[PDB]
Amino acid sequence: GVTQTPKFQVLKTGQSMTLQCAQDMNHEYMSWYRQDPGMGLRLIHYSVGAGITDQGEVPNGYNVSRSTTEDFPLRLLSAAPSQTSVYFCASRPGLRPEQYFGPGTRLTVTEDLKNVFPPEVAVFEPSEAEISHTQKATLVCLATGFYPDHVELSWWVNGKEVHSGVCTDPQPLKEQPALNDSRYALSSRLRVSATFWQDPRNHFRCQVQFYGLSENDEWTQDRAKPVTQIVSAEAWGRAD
């Protein structure tokens, strides 16, 4: 239905960016919103039909374009730290009065790109005391020292992505809570029967997709350019 690209974006203060939005339900009405913790959904701009654009509640710093009915891009003129937010596109028929939202775009605007750090990922193997006591085995995955908070953590068992027996923290922790450009930490758990963990043929992987810089970005640091990448840690089953 409603599509949004990119899913995540890190911007440097002053840069321009266009968040793409496209629906295929032949809807006349399209809108953009930003979602912030203390004040929910705030309408930025909206389009009642092809060629018609109108300011919403918070239009300052943004432009919208509506040449065709399918697409409605949101242009950030000159990125500012106050534009760090989650952006949502939404399509409504405008003729059924129901509105459908896009997947969202997590955007972080930083004063400089030297703040962006990819996560370090580690898998912590189940405890023998847990195994004997409960007959279950919990693997823990930790993603640490990442900035911005634009990460997707998945668990993979024997090459297949798994969802059962897993729970990842809904929000990451701040390593330095007093700081604004603090790096983050995220944990996840995957519980399995003791018998499943005890089979050495079973392979467990914790995969963290991080979104950062592009290969085109300039970089002066000795450390590797913190590009968009997957960082993963693994553990094999063990009869012990």
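Position 1 is the first residue in the sequence shown; the rest follow in order.
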Gap size between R96 and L95, counted in deposited residues that the entry leaves unmodelled: 1 to 3
Segment of higher mean CA temperature factor, 54-62 or 191-199: 54-62
Quick one: say whether 67-75 or 154-162 has the higher mean Cα B-factor in the deposited entry. 67-75
Among the chain's modelled residues, which third holds the C-alpha B-factor of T18? highest
For the chain shown, is the CA B-factor of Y100 in the lowest, middle or highest third of its modelled residues? highest
Based on the deposited C-alpha B factors for this chain, I'd like to know if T138 is in the lowest, middle or highest third. lowest
For the chain shown, is the CA B-factor of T110 in the lowest, middle or highest third of its modelled residues? middle
So where's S91 on the chain's Cα temperature factor ranking, which third? highest
